[PDB]
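Below sits a lone chain in structure tokens, taken as the form deposited in one PDB entry.
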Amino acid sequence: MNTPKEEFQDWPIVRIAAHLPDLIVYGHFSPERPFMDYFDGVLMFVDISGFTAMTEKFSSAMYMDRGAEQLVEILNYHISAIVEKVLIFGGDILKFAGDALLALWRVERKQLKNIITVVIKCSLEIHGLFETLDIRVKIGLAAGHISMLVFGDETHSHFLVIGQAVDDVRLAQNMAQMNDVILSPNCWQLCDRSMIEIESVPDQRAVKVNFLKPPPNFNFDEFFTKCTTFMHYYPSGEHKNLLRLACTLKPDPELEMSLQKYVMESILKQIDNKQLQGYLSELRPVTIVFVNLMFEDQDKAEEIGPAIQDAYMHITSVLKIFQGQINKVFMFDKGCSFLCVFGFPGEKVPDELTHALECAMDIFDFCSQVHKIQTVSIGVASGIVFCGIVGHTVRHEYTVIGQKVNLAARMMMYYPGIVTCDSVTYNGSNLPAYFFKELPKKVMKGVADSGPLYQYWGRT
């Protein structure tokens, strides 16, 4: 009797799970919203400098109208290799945002010290990969208490991580010079200082890794193996040749209903082989609406979670009206940021600019009154942005990359408490000039020369 080969089955549920971390796929938590969970772990925030600049160059005539295809290919070639390392070292990729990603090693408190060594080793191997293409890898690490919030409505779900370790990991990555691995103060306080050799960082308690200095009988493979005891989903035994246990998920309509809620419709269409793969990688003209909600205490999930859910319910209803979409949510700019996009697949519409502005104003008005929201800031920028699936075959997400994405984020940060827009949006909108105010030009982190910027004052 034969024992024939079992071909890998790429069921729709498996394809869906590529878009999500193990934290969600194997989380099986309540469908109630907001939902909050608390745990400890080590975070890694990896950023490829320089793709944002390459993006503009891939629109040029030398690319012969295949810029989007070339961009995604070269980006994914590099990001795939970073994803593989993270996964092989036992991490869970939580999210991609542009040319960066955030990974988590969730463990019990007693295991943080050892897992920090694992993650540093991983980081140094990732630093390794690229001595190549004007691009640099910067890595920030943090460790400690982490909260997760899941929010949404009956057909859409989103999650976010919250807390000091989350803020620290982004602060650490922002200090990295072009190839550094930076540890947060708490990470450094919890790590095995007898093996990790660091330099200090000016006016900073975070530190920079120089190298690992193992002791005499230390063997990293044996050490790693001990650490895998604490890794619930590390592929093993018959499945040790897989990059994710998620590749083995089996059809289950209840689970698939739950997971799909995290994924946008247009991506589900592709998964379901109802649209040609070529069409989700595009350089398309869009308007970014980058919404920031600041709270008194941005580390306190039980406080901020209800407020986020409240804001989300309104945000989603006005985006529906004005035809925009939430691409990503994350803690960023000392609060909760929503990266919204006007002109994604299926929503390229005339009067997009006007709509983006009216939507921004509405969200500003509403969110300003959610009582625990202290300040709302919204940046609106329009231009050609890369929209597509970034990552590895086994772990990837739809994201946006572009100078206008960065501009909208910087506007929102440098002009708090108001709705701002760039010149393209201003000049292209239907709206009368006196609905706007031309603003003082501010020198902004990583922004060459936006032309004039404006406040959208509204019909007031």
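Residues carry their position along the shown sequence, with the first being 1. Residues that one form lacks are left out of the comparison. C-alpha atoms forming the largest set that superposes within 1.5 Å between two forms make up the rigid core.
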{"query": "Residue 120 left out of the model in a third or more of other PDB entries", "finding": "no"}
{"query": "Other entries omitting residue 133, at least a third", "finding": "yes"}
{"query": "Unmodelled stretch of the deposited sequence separating residue 132 from residue 133, binned as none, 1 to 3, 4 to 9 or 10 or more", "finding": "4 to 9"}
{"query": "Between the two ranges 18 to 26 and 437 to 445, the one averaging a larger CA B factor in the entry", "finding": "437 to 445"}
{"query": "Selected stretch [higher average CA B-factor]: 43 to 51 or 387 to 395", "finding": "43 to 51"}
{"query": "Selection from 203, 92, 358, 282 [criterion: highest C-alpha temperature factor in the record]", "finding": "203"}
{"query": "Peak C-alpha temperature factor (PDB record), options 102, 289, 81, 176", "finding": "176"}
{"query": "Lowest, middle or highest third - CA B-factor, residue 423", "finding": "middle"}
{"query": "Residue 431 CA temperature factor, ranked by third within the chain", "finding": "highest"}
{"query": "Among modelled residues of the same chain, the CA temperature factor third for residue 402", "finding": "lowest"}
{"query": "Chain thirds of CA B-factor: placement of residue 211", "finding": "highest"}
{"query": "Modelled-residue ranking by C-alpha temperature factor, third containing residue 339", "finding": "lowest"}
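There is also a form deposited in another entry; it is not shown, and the following applies to it.
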property: Listed options 256, 84, 362, 299; Cα moving by 2 angstroms or more between the shown form and the other one (core superposition); result: 299
property: Flag for residue 53, CA shift 2 Å or larger between the shown form and the other one after aligning core; result: yes
property: Threshold 2 Å Cα movement between the shown form and the other one for residue 334, core superposed; result: yes
property: Relative Cα spacing, residue 409 and residue 298, in the other form - shift of 3 Å or more; result: farther
property: Comparison of CA distance in the other form with shown form for residue 285, residue 332, at least 3 Å; result: farther
property: Core-referenced shifts between the shown form and the other one - contiguous stretches of at least three, CA at least 2 Å; result: 7 to 9, 49 to 53, 133 to 136, 297 to 300, 332 to 334
